[PDB]
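>>> what's the 3D shape of this:
(one chain, ligands or ions: 8)
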Amino acid sequence: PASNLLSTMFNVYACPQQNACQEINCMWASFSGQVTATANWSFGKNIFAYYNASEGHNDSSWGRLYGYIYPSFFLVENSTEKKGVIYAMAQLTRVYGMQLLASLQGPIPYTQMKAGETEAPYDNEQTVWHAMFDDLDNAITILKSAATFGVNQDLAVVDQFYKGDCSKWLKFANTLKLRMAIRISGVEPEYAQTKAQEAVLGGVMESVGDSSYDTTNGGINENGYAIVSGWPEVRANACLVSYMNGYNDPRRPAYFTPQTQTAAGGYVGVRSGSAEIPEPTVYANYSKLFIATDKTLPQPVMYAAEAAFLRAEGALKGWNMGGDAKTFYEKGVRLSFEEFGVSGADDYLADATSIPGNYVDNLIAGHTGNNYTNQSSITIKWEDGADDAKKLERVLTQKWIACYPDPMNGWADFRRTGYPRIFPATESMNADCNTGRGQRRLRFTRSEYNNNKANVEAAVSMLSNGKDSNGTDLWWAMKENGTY
Ligand SMILES: [Cl-]
Ligand SMILES: [Cl-]
Ligand SMILES: [Cl-]
Ligand SMILES: [Cl-]
Ligand SMILES: [Cl-]
Ligand SMILES: [Cl-]
Ligand SMILES: [Cl-]
Ligand SMILES: [Cl-]
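Residues are numbered from 1 along each chain as shown. Ligands and ions are numbered 1, 2, ... in the order given. The structure is reproduced below:
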């Protein structure tokens, strides 16, 4: 039954299984500034945190995401004959997984893939982004019609996200469409605008009841963060915690546990890419991710707040988003508080004085080489007269705080715009990456060089600078000279 093949594919949304969770949510994810991997895997500083991962670590994401999406996508496509809600969901789920992988490594095979064949040619990034928008539009057309009939009973049997409600999936799909549009908006401003405006007309998420969570954690009924955190190999990141400490942010107790290393209490994150080789036992009593504290908590996929912040940015760009930037900014902040059951958004949004906090690492002796001066001075209260760069940093900083824990949002927005100002490693261990800009992408995998050699070598020439490097920019990322 085709609907049953969707269940495996659905692991791309949140990656609940403990190793999927580590690979996607707790490794390179530290480049988004919210989580820190506290382990070194006997590699010392030759790890993601210092921009010089092993081949095995680098290649994990490809294997994980490809493993969930294929061959199930083609099996569904064939069984359904490219029609119906189950096919629409297979398309949406493939796009979700592959937009993540494209946002990691750049070119991927997509348009030219055929059922069971390894040697697929790569699409360049323009081609795969456009192809993914096309498939997503097809899914949207199907879901929009399906939604008019009420909850879909085929989809209900297997859908832990929305229990078959195609109206919720339609909002999810349009919000993804808008995320994608914003992501490619630097390199293709007019194509992006068109897609974003379509997405807004289609209908994006508007309330907390619209947010997507993997409610069963992939049928495991316990989340992967709690497992990784228990090892321990993941803690709260110095960067997000420091921004939130500076803001006296009331979401702190919903996001993190207080450190218990010393009697001081308070929230203290771990510097990713620390002065000393990261050791699990050293950081065991620093702030943990709240979601790790109760294994039954469902891993998040996408929050209603993100749709508001995407529209705020679109409004800053001069796009027609159904509202102005201020309105969407404040909406986003209030949705984020609401999502986590936190009070006090009014007085938070009135804060014109508080600035992002500096980071000190005083819990363990000899750690002051981890201390960091926050390069942001952005305040919370909306200022109609601020310059463009300040309005953007304000939007993207609150967006980044709101979309938590999200492995990619921070790193993607930083690579695209320079905001939020994610704390870099103390040093780079890669000759092609500097701490100013960090790691820019993951590389193509060893398995592809070995088994799909001619096509992966061709894909190298599709990269911005023709080099399969950690420091090579993706098509949509801001380049060294500020252009796209
Ligand atoms: Cl394991
Ligand atoms: Cl370790
Ligand atoms: Cl396949
Ligand atoms: Cl159809
Ligand atoms: Cl039905
Ligand atoms: Cl364009
Ligand atoms: Cl628990
Ligand atoms: Cl490299």
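>>> CA only for contacts and neighbour counts going forward, please
Will do.
>>> got the residues of the chain near ligand 2?
Residues of the chain lying close to ligand 2 by C-alpha under 5 Å from the ion are 39-41.
>>> which stretches of the stretch 201-350 of the chain form strands?
In the stretch 201-350 of the chain, the strands defined using DSSP state E, counting those that start in this stretch lie at 212-214, 234-236, 299-302.
>>> Among the residues of the chain next to ligand 2, pick out the one closest to residue 284, please.
residue 39 (10.7 Å; C-alpha to C-alpha).
>>> Close to ligand 3: what parts of the stretch 1-150 of the chain are there?
Checking the stretch 1-150 of the chain against ligand 3 by C-alpha under 5 Å from the ion, the hits are 70-71, 115-116.
>>> Would you mind checking those for buried ones?
The neighbour-count test (16 or more other C-alpha atoms under 10 Å) marks residue 71 as buried among these.
>>> got a markdown table for the residues of the stretch 1-150 of the chain next to ligand 3, with distance to residue 422 and secondary structure too?
Output for those, formatted as a markdown table (distance: C-alpha to C-alpha, whole Å; DSSP: H, G, I helix; E, B strand; the rest coil):
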| residue | distance to residue 422 | secondary structure |
| --- | --- | --- |
| 70 | 34 | coil |
| 71 | 37 | coil |
| 115 | 40 | coil |
| 116 | 40 | coil |
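>>> ok, the residues of the stretch 1-150 of the chain next to ligand 3 vs residue 230, which is closest?
residue 70 (31.0 Å).
>>> which residues does residue 207 contact?
Going by C-alpha atoms under 8 Å, 6 or more residues apart in numbering, residue 207 touches 304-305, 335.
>>> I'd like those laid out as TSV, including neighbour count.
Formatted as TSV, the contacts of residue 207 follow (neighbours: other C-alpha atoms under 10 Å):
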residue	neighbour count
304	26
305	30
335	24
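>>> In JSON lines: those residues, plus distance to residue 52.
Below are these laid out as JSON lines (distance: C-alpha to C-alpha, whole Å):
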{"residue": "304", "distance to residue 52": "35"}
{"residue": "305", "distance to residue 52": "33"}
{"residue": "335", "distance to residue 52": "37"}
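>>> Which of the residues you listed sits closest to residue 176?
After measuring the contacts of residue 207 against residue 176 - C-alpha to C-alpha - the closest member comes out as residue 304, at 11.2 Å.
>>> Which positions in the stretch 201-350 of the chain make contact with ligand 7?
294-295.
>>> can you tell me the residue of the stretch 201-350 of the chain closest to ligand 8?
residue 273 (16.7 Å; C-alpha to the ion).
>>> Please apply the same query to the stretch 51-200 of the chain.
Closest point on the stretch 51-200 of the chain to ligand 8, by C-alpha to the ion, is residue 52, at 6.9 Å.
>>> just to revisit the earlier point, just name the most buried of the strands of the stretch 201-350 of the chain.
Comparing the strands of the stretch 201-350 of the chain by mean neighbour count (mean count of other C-alpha atoms under 10 Å), strand 234-236 comes out on top with a mean of 31.
>>> List the residues that contact the residue nearest to residue 327 when sequence neighbours are not counted.
Leaving aside its chain neighbours, residue 327 sits nearest to residue 312 (7.6 Å; criterion: C-alpha to C-alpha, 6 or more residues apart in numbering). Shown in contact with residue 312 (C-alpha under 8 Å, 6+ apart): 321, 324-329, 395.
>>> If we only consider the residues you listed, which is nearest to residue 62?
Of the contacts of residue 312, the one sitting nearest to residue 62 (C-alpha to C-alpha) turns out to be residue 395, at 31.0 Å.
>>> so that closest one makes contact with residue 330?
No. Taking contacts as C-alpha atoms under 8 Å, residue 395 lies outside contact range of residue 330: 9.5 Å.
>>> between these two, who's got more neighbours?
residue 395 (29 against 23; other C-alpha atoms under 10 Å).
>>> in the helix or strand harbouring that one, what counts as buried?
Residue 395 is part of helix 388-402 when elements are defined by DSSP states H and E. By 16+ other C-alpha under 10 Å, the buried positions in helix 388-402 come out as 390-402.
>>> ok, now stretch 425-443?
Judged by neighbour count (16+ other C-alpha under 10 Å), stretch 425-443 contains these buried residues: 425-430, 433-434, 437-443.
>>> Does ligand 8 have contacts with it?
No. Stretch 425-443 lies apart from ligand 8 when judged by C-alpha under 5 Å from the ion; the minimum separation is 6.2 Å.
>>> Can you give me the end-to-end span of that stretch?
19 Å (C-alpha to C-alpha, to the nearest Å).
>>> CA-only coordinates of the helix holding residue 395, as PDB, when you get a sec.
Extracted in PDB, the C-alpha atoms of helix 388-402 (Å, rounded to 0.1, in the frame of the first residue of the first chain):
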ATOM      1  CA  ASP A 388      17.700  48.700   5.800                       C
ATOM      2  CA  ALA A 389      20.600  46.600   7.200                       C
ATOM      3  CA  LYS A 390      19.300  47.100  10.700                       C
ATOM      4  CA  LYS A 391      15.700  46.300   9.800                       C
ATOM      5  CA  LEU A 392      16.900  43.100   8.100                       C
ATOM      6  CA  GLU A 393      19.100  42.100  11.000                       C
ATOM      7  CA  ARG A 394      16.300  42.700  13.400                       C
ATOM      8  CA  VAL A 395      13.900  40.400  11.400                       C
ATOM      9  CA  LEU A 396      16.400  37.600  10.900                       C
ATOM     10  CA  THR A 397      17.700  37.700  14.500                       C
ATOM     11  CA  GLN A 398      14.200  37.200  16.000                       C
ATOM     12  CA  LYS A 399      13.400  34.700  13.200                       C
ATOM     13  CA  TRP A 400      16.500  32.800  14.300                       C
ATOM     14  CA  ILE A 401      15.500  32.800  17.900                       C
ATOM     15  CA  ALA A 402      12.000  31.700  17.000                       C
END
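>>> Report the distance from it to the chain centre.
16 Å (C-alpha atoms, centre = their mean, to the nearest Å).
>>> Counting by contacts, list what it packs against.
helix 304-316, helix 325-339, helix 409-417 (3 or more C-alpha pairs under 8 Å, 6 or more residues apart in numbering; DSSP states H and E).
>>> and the angle from that helix to helix 325-339?
10 degrees (axes from the mean of the first three to the mean of the last three C-alpha atoms, to 10 degrees).
>>> now the angle from helix 388-402 to helix 409-417?
160 degrees.
>>> contact partners of helix 388-402?
For helix 388-402, using C-alpha under 8 Å, 6+ apart, the contacting residues are 240, 305-306, 309, 312-313, 316, 329, 332-333, 336, 378-380, 382-383, 409-410, 413, 419-420.
>>> List only buried entries from those.
Applying 16+ other C-alpha under 10 Å to these flags 240, 305-306, 309, 312-313, 316, 329, 332-333, 336, 378-380, 382, 409-410, 413, 419-420 as buried.
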